[PDB]
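Heads up: the structure comes next, in structure tokens.
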Amino acid sequence: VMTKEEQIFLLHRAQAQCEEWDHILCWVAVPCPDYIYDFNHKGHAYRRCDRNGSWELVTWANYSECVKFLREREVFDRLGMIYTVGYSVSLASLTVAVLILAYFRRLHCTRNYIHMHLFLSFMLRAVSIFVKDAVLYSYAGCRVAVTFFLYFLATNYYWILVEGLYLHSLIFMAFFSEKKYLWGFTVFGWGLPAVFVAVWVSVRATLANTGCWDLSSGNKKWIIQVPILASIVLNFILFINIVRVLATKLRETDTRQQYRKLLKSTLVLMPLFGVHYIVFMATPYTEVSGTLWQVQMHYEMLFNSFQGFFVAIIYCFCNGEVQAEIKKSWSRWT
Amino acid sequence: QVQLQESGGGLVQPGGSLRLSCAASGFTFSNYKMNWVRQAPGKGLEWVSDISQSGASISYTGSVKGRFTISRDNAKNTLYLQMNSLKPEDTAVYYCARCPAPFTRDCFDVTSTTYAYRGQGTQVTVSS
Amino acid sequence: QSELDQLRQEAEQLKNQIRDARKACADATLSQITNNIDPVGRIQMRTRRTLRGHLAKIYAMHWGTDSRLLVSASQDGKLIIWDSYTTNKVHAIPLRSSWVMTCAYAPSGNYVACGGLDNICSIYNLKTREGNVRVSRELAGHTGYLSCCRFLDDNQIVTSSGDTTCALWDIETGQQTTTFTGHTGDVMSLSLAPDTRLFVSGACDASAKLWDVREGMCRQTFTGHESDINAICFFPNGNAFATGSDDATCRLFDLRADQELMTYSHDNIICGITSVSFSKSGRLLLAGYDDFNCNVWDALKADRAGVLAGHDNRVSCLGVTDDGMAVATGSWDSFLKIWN
Amino acid sequence: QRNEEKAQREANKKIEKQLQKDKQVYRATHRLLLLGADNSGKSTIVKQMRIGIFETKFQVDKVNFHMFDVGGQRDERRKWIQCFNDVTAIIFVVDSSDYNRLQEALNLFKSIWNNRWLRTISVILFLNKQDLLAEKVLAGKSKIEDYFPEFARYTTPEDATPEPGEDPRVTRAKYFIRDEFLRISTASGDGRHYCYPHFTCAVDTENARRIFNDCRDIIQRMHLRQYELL
Amino acid sequence: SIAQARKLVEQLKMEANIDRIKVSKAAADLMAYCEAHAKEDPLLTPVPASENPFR
Amino acid sequence: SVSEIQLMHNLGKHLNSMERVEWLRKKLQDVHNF
């Protein structure tokens, strides 16, 4: 919360007031100065005054009470490693998926058009974290990396909603005019995230401008997460409806065999609908020391990283229709 | 030329037996599914039975089921219909129909009035 | 009874009296005669101008005599007259019957025809004094689906239907003039001779009949196929023709010899031929299989010179331009590609 | 001069505008092929949707259907049936009260289902003339066992819902007939196409909605098949 | 049947009376025509892009 | 809570820690040596 810059400013103000100054306080017991954030403020610093009216030399001073409040390094760096590998293969697999579904004219169905946008959306989320990592862990220079991270993260959590809405509209709308609302989806996938991201930049540039906008400012952090968390509950509701309907379709095509295919179809739908997030959606900012906090971050980073990898394998590599174009172009090329 | 000539057929007592031989020429007998169709007096052509290329898949019309036996011999290009029992209801002329396209399961128009790939046929008469 | 049996033997003895004459006139064979001819080798031909704009499957096409404009028909009631050089849709005629199975471009280019399950070969005038094109007239009178309707002159059109009859019409008054009967099966395709005094017709009875236009008689009948004949076309000189059937073979029959000269069969090929057209020289035969690709046959060696593999569905219609510049190829993927 | 080139290029643009408008209506209309036989009752089926080749135009919930009764042609089908390989569905009508010509319907069903071109088209099977079937079964003069020898070894399926106050002899007769078409359907069906059997009479206030409901189901399942969900 | 049979036997008359020639003298005609007209077919030999309207 | 954003915030606080810590660690060391 209190930046190093603010803490320097507070000491500088105290220095200008003093202008003996010992580099921390203007001088015997002196209450540990309020302007030093990390000091113990119920304690005193001590000096000794001579009978001769000179400060006692070795100048002798005792700040032991002030420093009363003055292990965690290995904890976060565990989380860093698990996703960097995960998002690496996610970027490697997805870049293949977009190029395969680029120059194949026969694969340009409006379904594969949403797949292009979701793959492209996972590109940005897989690189904007690397840019954020490079900028921060490796002054508007920094604030663009944070702001592009929030936008390229909101789009991936709305482009999963767009794709789940598209599959849900194909089923629950009787002969859904797919091409009529195709334009509306693409504006909602990319444009709607920018509505609140820009609003969050508005509220975090004119009211709480301190540092690189990388610290919580109370309710100001809900301008991004709440609208993202509205596409995790909504996508879970769509996934419940679609799995409900696919059960009905298998029921009226056998019982146990249909029950099986139902499980197989549900497992390949989980990556695309992103029903991973609903597990720890409700979790608020818990203490890092919490047992809950450690497990849900280890889960989340290990699953979001390969979510792009799982989607690319399921929906672009082990796809019957897509492999048909490769084998036809395999004959025409060899 | 695609020709189908049928043998057998004749007067027979009820509950007797008779064997019909259909000789094929001018095509590879081995590829086309065959058929037997009969036309009762003052009645449309009815499908009786069919046999696949390898003889594995055999069907019957139900009114004759398990009494008529159909077999084919790709070596001599000959199609058979072994009649075990002869109900008086099956008094009709028997044609040796051939499916139109070679390597397909579908067998359209074998019961058409004017089908091209159906033999002249032999009249099978059952009476006392 | 006895009278009917006499006619059966009398007619059958004529077949025995012809087949011996046919085998007698077989001293040599086309295969051994051309054993030493320099092979064509490999014919490689690549797509030049893919034509797009058909909603539904393309069922048939026809080239203009100017070798530049082609007309195509698709099962959505659209006759589009394409410009092959520039890929520009000159006309898009809306049809009363969404189900059309054939179309022909007049040699003068003034008219175009089409018919299908409507049982009528409609004629569309392209030189109407007003903006658009209309229906010139309806040639009603057939009973079956129109399978192929080619043009003799601006006022004579020859049509074949599913009722086993080829008909020659007169557009000026729209009454059928000459009716060709003799087929025992649905007629699928025609071919006009280069001299236009004859035309051969292939039906769904493995028999191709040569007809005389001015006389209305079938002077000769070619048998030797094993299944429905789906396409037929004369040799460029008009002294021979070739057929494609559902038994996945192509056969070239000689009019003067009266017997089949040579068959174009391959062990790998088990799909019916849908379209056949000779090259301009007659040295190549182009056959459009429903195995999703066309094969360019050496017309005097039965060797696959090449394959036109570029379609995502059944090859419907195939054609070659008069000058023999390029080969169009419609399909059921609604895309009409041009090869060269 | 290139003045003629401009005129051709703008005529192609004018053509393309009309083609786009015709594409919207073409995709918004479902085309159905209405098969059946001489006594099947396709004639009285089209009277419900009235509210050479013959087309019937009707809409259910503002969705246009085209139904084609191919009536002008001969008894040979093997070459005009290939035209309808793009239709949404085949409306197949069967006379359930004529057991002699019931086997003909089963053979026609088999040839349609296993056709190289129609192996992707679902069938909305209609067993018309259910009213005549009720009286014929209760008459007892005609026996199914006379035509179908396996009717003796057949029991009314557990998953069968008889009409209110219905004789159970009729229910066993109805569902044996139905199962005969479904027996063919499942023998070679690979999820590419599905059969939708229905029991209708000549006096129904329905079969517009039944087709609409079955058409929506056919359209639903192609989406899922594309998604590899089914 | 009798009516058509007397016509069909008549039909095969005209077919039986055609003047057949040996294919040695008939297959050579397609052999000879395919050689003379080979030079003018722009599929049997590739056509240069200048003369080709489609390239 | 989106975990990735939460963890951004958390590593922010974590830096705040060692960073501000070292700052004074140096400042009060100055003061003592003085």
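Here, A, B, ... name the chains of the structure tokens in the order displayed, residue numbers run from 1 inside each chain, and ligands are numbered from 1 in the same displayed order.
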Notebook entry, point to check: Quick one: residues within 8 Å of stretch 34-49 of chain E, only C-alpha atoms counted, chain neighbours fewer than 5 positions away excluded, as a ChimeraX atom specification?
Noted result: /C:40,43,45,279-284,323-326,340 /E:54-55
Checklist line | Residue contacts of stretch 4-13 of chain E (9 Å, only C-alpha atoms) excluding same-chain residues fewer than 6 positions away, as a list in words | finding: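 The contact residues come out as residues 4, 7, 8, 10, 11, 12, 14, 15, 18, 218, 219 and 220 of chain C.
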Could you write out that same residue set with C-alpha atoms as a CSV table (one decimal), in the first residue's frame?
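Output file out-v7.csv is given in full below:
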```csv
chain,number,residue,atom,x,y,z
C,4,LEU,CA,-45.0,-66.0,-79.3
C,7,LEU,CA,-41.0,-64.6,-82.5
C,8,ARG,CA,-38.6,-65.1,-79.4
C,10,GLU,CA,-36.6,-65.6,-84.6
C,11,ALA,CA,-35.5,-62.3,-82.8
C,12,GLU,CA,-32.9,-64.3,-80.7
C,14,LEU,CA,-30.9,-62.4,-85.3
C,15,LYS,CA,-28.7,-61.6,-82.2
C,18,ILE,CA,-25.1,-60.4,-85.6
C,218,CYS,CA,-32.5,-46.3,-84.2
C,219,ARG,CA,-30.2,-47.6,-86.9
C,220,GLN,CA,-27.7,-49.3,-84.5
```
Item checked: Atomic distance atom CA of residue D:95 - atom CA of residue D:38, expressed in Å with one decimal ->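 According to the coordinates, atom CA of residue D:95 and atom CA of residue D:38 are separated by 9.3 Å.
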Note to self: Show me, as a list in words, every residue of chain B with an atom at most 6 Å from chain D, counting only C-alpha atoms.
What the structure shows: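 On the chain B side, the interface is residues 62, 63, 106, 107, 108, 109 and 112 of chain B.
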Next item on the list: Using only C-alpha atoms, select each residue of chain D with any atom at most 8 Å away from an atom of chain A, and give the selection as a VMD selection string.
Entry: chain D and resid 194 216 219 to 221 223 226 228 to 230
Suppose we keep N, CA and C atoms; can you now write the selection as an mmCIF file, in the first residue's frame?
```cif
data_model
loop_
_atom_site.group_PDB
_atom_site.id
_atom_site.type_symbol
_atom_site.label_atom_id
_atom_site.label_comp_id
_atom_site.auth_asym_id
_atom_site.auth_seq_id
_atom_site.Cartn_x
_atom_site.Cartn_y
_atom_site.Cartn_z
ATOM 1 N N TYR D 194 -30.834 -40.466 -38.685
ATOM 2 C CA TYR D 194 -31.694 -41.146 -37.686
ATOM 3 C C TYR D 194 -33.121 -41.239 -38.220
ATOM 4 N N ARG D 216 -36.123 -29.781 -36.251
ATOM 5 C CA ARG D 216 -35.246 -29.079 -35.270
ATOM 6 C C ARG D 216 -34.297 -30.096 -34.641
ATOM 7 N N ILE D 219 -31.527 -30.884 -37.093
ATOM 8 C CA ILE D 219 -30.621 -29.704 -37.165
ATOM 9 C C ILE D 219 -29.783 -29.642 -35.890
ATOM 10 N N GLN D 220 -30.349 -29.910 -34.710
ATOM 11 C CA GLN D 220 -29.576 -29.976 -33.432
ATOM 12 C C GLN D 220 -28.461 -31.008 -33.528
ATOM 13 N N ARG D 221 -28.727 -32.175 -34.060
ATOM 14 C CA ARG D 221 -27.754 -33.261 -33.926
ATOM 15 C C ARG D 221 -26.621 -33.034 -34.901
ATOM 16 N N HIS D 223 -25.103 -30.210 -35.506
ATOM 17 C CA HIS D 223 -24.224 -29.284 -34.762
ATOM 18 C C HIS D 223 -23.374 -30.115 -33.805
ATOM 19 N N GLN D 226 -20.767 -32.201 -35.513
ATOM 20 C CA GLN D 226 -19.648 -31.310 -35.921
ATOM 21 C C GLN D 226 -18.727 -31.064 -34.720
ATOM 22 N N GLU D 228 -18.075 -33.023 -32.406
ATOM 23 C CA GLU D 228 -17.608 -34.361 -31.940
ATOM 24 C C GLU D 228 -18.236 -34.691 -30.570
ATOM 25 N N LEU D 229 -19.347 -34.042 -30.230
ATOM 26 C CA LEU D 229 -20.060 -34.259 -28.956
ATOM 27 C C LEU D 229 -20.792 -35.593 -29.032
ATOM 28 N N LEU D 230 -21.224 -36.030 -30.213
ATOM 29 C CA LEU D 230 -21.990 -37.293 -30.368
ATOM 30 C C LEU D 230 -21.209 -38.231 -31.308
#
```
Margin query: With only C-alpha atoms as the counted atoms, please give the residues lying no more than 12 Å from stretch 7-15 of chain F, apart from itself and same-chain residues fewer than 2 positions off, as a PyMOL selection string.
Written below: (chain A and resi 1-4+71-77+79-80+129+132-133+136-137+145-147+149-150+211-218+221+284-289+293-294+296-298+300-301) or (chain F and resi 1-5+17-23)
Next item on the list: Could you tell me how far atom CA of residue D:9 lies from atom CA of residue C:89, in Å and to one decimal?
Entry: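 About the pair atom CA of residue D:9 and atom CA of residue C:89: they are 9.0 Å apart.
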Margin query: Contacts from chain C to chain B, 10 Å maximum, only C-alpha atoms: show me the residue list as a PyMOL selection string.
Written below: chain C and resi 183-186+204-207+222-228+245-248+270-272
Restricting the output to N, CA, C and O atoms, write the selected residues as an mmCIF file, in the first residue's frame.
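The resulting again36.cif:
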```cif
data_model
loop_
_atom_site.group_PDB
_atom_site.id
_atom_site.type_symbol
_atom_site.label_atom_id
_atom_site.label_comp_id
_atom_site.auth_asym_id
_atom_site.auth_seq_id
_atom_site.Cartn_x
_atom_site.Cartn_y
_atom_site.Cartn_z
ATOM 1 N N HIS C 183 -35.536 -47.446 -76.121
ATOM 2 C CA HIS C 183 -34.869 -47.683 -74.823
ATOM 3 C C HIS C 183 -35.840 -48.370 -73.860
ATOM 4 O O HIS C 183 -37.047 -48.091 -73.872
ATOM 5 N N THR C 184 -35.306 -49.246 -73.026
ATOM 6 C CA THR C 184 -36.061 -50.043 -72.032
ATOM 7 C C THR C 184 -35.790 -49.503 -70.631
ATOM 8 O O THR C 184 -36.196 -50.184 -69.673
ATOM 9 N N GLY C 185 -35.122 -48.349 -70.509
ATOM 10 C CA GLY C 185 -34.647 -47.776 -69.231
ATOM 11 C C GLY C 185 -34.612 -46.266 -69.284
ATOM 12 O O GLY C 185 -34.667 -45.732 -70.387
ATOM 13 N N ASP C 186 -34.450 -45.600 -68.156
ATOM 14 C CA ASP C 186 -34.322 -44.118 -68.135
ATOM 15 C C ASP C 186 -33.134 -43.702 -69.002
ATOM 16 O O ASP C 186 -32.049 -44.305 -68.859
ATOM 17 N N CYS C 204 -30.527 -46.256 -68.949
ATOM 18 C CA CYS C 204 -30.304 -47.079 -67.735
ATOM 19 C C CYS C 204 -30.578 -48.539 -68.060
ATOM 20 O O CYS C 204 -31.277 -49.182 -67.280
ATOM 21 N N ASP C 205 -30.037 -49.046 -69.158
ATOM 22 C CA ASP C 205 -30.226 -50.451 -69.575
ATOM 23 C C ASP C 205 -28.940 -50.970 -70.221
ATOM 24 O O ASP C 205 -29.032 -52.017 -70.911
ATOM 25 N N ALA C 206 -27.789 -50.339 -69.938
ATOM 26 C CA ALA C 206 -26.456 -50.732 -70.458
ATOM 27 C C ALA C 206 -26.507 -50.851 -71.976
ATOM 28 O O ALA C 206 -25.840 -51.746 -72.529
ATOM 29 N N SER C 207 -27.211 -49.942 -72.619
ATOM 30 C CA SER C 207 -27.315 -49.928 -74.090
ATOM 31 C C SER C 207 -27.279 -48.483 -74.574
ATOM 32 O O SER C 207 -28.015 -47.675 -74.047
ATOM 33 N N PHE C 222 -25.558 -50.412 -79.302
ATOM 34 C CA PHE C 222 -24.260 -50.859 -78.750
ATOM 35 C C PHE C 222 -24.515 -51.332 -77.323
ATOM 36 O O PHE C 222 -25.112 -50.613 -76.505
ATOM 37 N N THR C 223 -24.112 -52.566 -77.070
ATOM 38 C CA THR C 223 -24.322 -53.295 -75.803
ATOM 39 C C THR C 223 -23.012 -54.015 -75.499
ATOM 40 O O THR C 223 -22.301 -54.418 -76.461
ATOM 41 N N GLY C 224 -22.731 -54.233 -74.227
ATOM 42 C CA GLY C 224 -21.359 -54.505 -73.762
ATOM 43 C C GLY C 224 -21.083 -53.877 -72.409
ATOM 44 O O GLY C 224 -20.156 -54.339 -71.722
ATOM 45 N N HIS C 225 -21.871 -52.881 -72.025
ATOM 46 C CA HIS C 225 -21.859 -52.369 -70.640
ATOM 47 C C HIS C 225 -22.542 -53.367 -69.709
ATOM 48 O O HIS C 225 -23.290 -54.241 -70.174
ATOM 49 N N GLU C 226 -22.333 -53.178 -68.417
ATOM 50 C CA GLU C 226 -22.909 -54.036 -67.369
ATOM 51 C C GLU C 226 -23.870 -53.265 -66.475
ATOM 52 O O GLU C 226 -24.479 -53.924 -65.648
ATOM 53 N N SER C 227 -23.970 -51.955 -66.568
ATOM 54 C CA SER C 227 -24.857 -51.186 -65.671
ATOM 55 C C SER C 227 -25.309 -49.911 -66.371
ATOM 56 O O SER C 227 -24.993 -49.780 -67.586
ATOM 57 N N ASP C 228 -26.025 -49.043 -65.648
ATOM 58 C CA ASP C 228 -26.657 -47.837 -66.229
ATOM 59 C C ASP C 228 -25.554 -47.042 -66.895
ATOM 60 O O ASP C 228 -24.522 -46.866 -66.231
ATOM 61 N N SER C 245 -20.432 -45.811 -67.314
ATOM 62 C CA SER C 245 -21.530 -46.507 -66.608
ATOM 63 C C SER C 245 -21.263 -46.585 -65.115
ATOM 64 O O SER C 245 -20.255 -46.059 -64.663
ATOM 65 N N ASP C 246 -22.182 -47.229 -64.401
ATOM 66 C CA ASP C 246 -22.126 -47.432 -62.929
ATOM 67 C C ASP C 246 -21.223 -48.598 -62.576
ATOM 68 O O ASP C 246 -20.904 -48.703 -61.377
ATOM 69 N N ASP C 247 -20.756 -49.359 -63.554
ATOM 70 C CA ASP C 247 -19.826 -50.462 -63.279
ATOM 71 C C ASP C 247 -18.375 -49.985 -63.357
ATOM 72 O O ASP C 247 -17.498 -50.894 -63.421
ATOM 73 N N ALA C 248 -18.098 -48.676 -63.249
ATOM 74 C CA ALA C 248 -16.742 -48.141 -62.982
ATOM 75 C C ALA C 248 -15.837 -48.594 -64.130
ATOM 76 O O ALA C 248 -14.752 -49.202 -63.899
ATOM 77 N N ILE C 270 -13.652 -48.367 -58.379
ATOM 78 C CA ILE C 270 -14.913 -49.121 -58.150
ATOM 79 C C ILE C 270 -16.059 -48.136 -58.030
ATOM 80 O O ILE C 270 -17.084 -48.497 -57.407
ATOM 81 N N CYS C 271 -15.928 -46.957 -58.614
ATOM 82 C CA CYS C 271 -16.988 -45.930 -58.529
ATOM 83 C C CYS C 271 -17.517 -45.655 -59.934
ATOM 84 O O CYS C 271 -16.678 -45.603 -60.887
ATOM 85 N N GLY C 272 -18.837 -45.452 -60.062
ATOM 86 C CA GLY C 272 -19.493 -45.178 -61.357
ATOM 87 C C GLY C 272 -18.978 -43.897 -62.003
ATOM 88 O O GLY C 272 -18.737 -42.918 -61.269
#
```
